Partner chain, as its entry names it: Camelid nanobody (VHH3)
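Presented as structure tokens, the chain that follows is alone, the form deposited without the partner chain.
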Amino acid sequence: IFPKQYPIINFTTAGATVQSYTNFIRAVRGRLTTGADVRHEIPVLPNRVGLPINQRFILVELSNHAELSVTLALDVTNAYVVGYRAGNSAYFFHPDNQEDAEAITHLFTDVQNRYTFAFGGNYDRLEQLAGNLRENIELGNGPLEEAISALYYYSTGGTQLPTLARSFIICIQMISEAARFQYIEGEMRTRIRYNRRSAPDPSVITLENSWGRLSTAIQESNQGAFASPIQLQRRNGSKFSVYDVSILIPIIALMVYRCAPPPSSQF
């Protein structure tokens, strides 16, 4: 065994229900946040700087209704999907720096085939590849079912980069973004409850595009009030400004570490 296998979290679209999905997201959230280090009632992800390799990643094991499995690799510090495993092959996106590259070499070390994509896994790159913007890509248990399938078959000829990228985007939003925002989790749930597959509307998109921004503002907020009004989008695309963290409490679940935990006020 490799020195301490990273925590594995399983999930399966086989007979997915709102309940099972909620459980899935719960586990993910509980595996990322340190527990402590909370700003204005919102848990903050651990700082990468002093994070040992062993406590760096979380593995999300995705099973399919047709006996297929894909093990995703989530970065604890930001809930970023760095790569995945399919049977005996492992694929990772192109890292942005030496630090991450050094960390990636510890994921799926027992696989026989290791591959590092020339492109990065960031939305902008993936959208170009998929030849489709997120707002035109449907989400739901169905799309996820198909997503897992594509990722798995990438290792067996049935590749098609556009599909591969599309699948990644689907999985990212329904997992990483879902854990990040309680709001997004709800969107996916509504889709599951009624067995629906629909593209994410502007309110969802903007949240994804503003995660880091919100995290910064909340951590640098004068006791709760934002130093500057952060504009956001509604379901209809309309814009509105958020002036206080209170409004965002039941919305955002996780935040990326920014400012050092102030006079560490936890008890």
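Positions refer to the first chain, counted from 1. Note that the rigid core is defined as the largest set of C-alphas that superpose within 1.5 Å between two forms.
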Item to check | More shifted region, core-based fit in 7 other deposited structures of this protein, 155 to 163 vs 103 to 111 by CA | outcome: 155 to 163
Checklist outcome for this item: in 7 other deposited structures of this protein, with the rigid core superposed, the stretch whose C-alphas stray more from the shown form, 176 to 184 or 116 to 124, is 116 to 124
Checklist outcome for this item: Between 247 to 255 and 18 to 26, the record assigns the higher mean Cα B factor to 18 to 26
Next on the checklist: Which is higher on mean Cα B factor in this entry, 194 to 202 or 56 to 64?
Outcome noted: 56 to 64
Item to check | Deposited CA B-factor, highest of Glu127, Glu102, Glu187, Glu177 | outcome: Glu102
Checklist entry - Among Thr71, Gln182, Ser149, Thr109, where is the Cα temperature factor highest, going by the PDB entry? => result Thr109
Next on the checklist: Could you place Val82 in the lowest, middle or highest third of its chain by Cα temperature factor, using the values in the record?
Outcome noted: middle
Checklist entry - In terms of the chain's CA B-factor thirds, is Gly157 lowest, middle or highest? => result highest
Checklist entry - If you rank the chain by CA B-factor, which third does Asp37 end up in: lowest, middle or highest? => result highest
Checklist outcome for this item: Here the Cα B-factor of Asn88, set against its chain, lands in the third termed highest
Checklist entry - What third of its chain's C-alpha B-factors does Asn136 belong to: lowest, middle or highest? => result lowest
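The next section is about a form of this same protein that is not shown, the form solved in complex with the partner chain.
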Item to check | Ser155, heavy atom within 4.5 angstroms of the partner chain in the bound PDB entry | outcome: yes
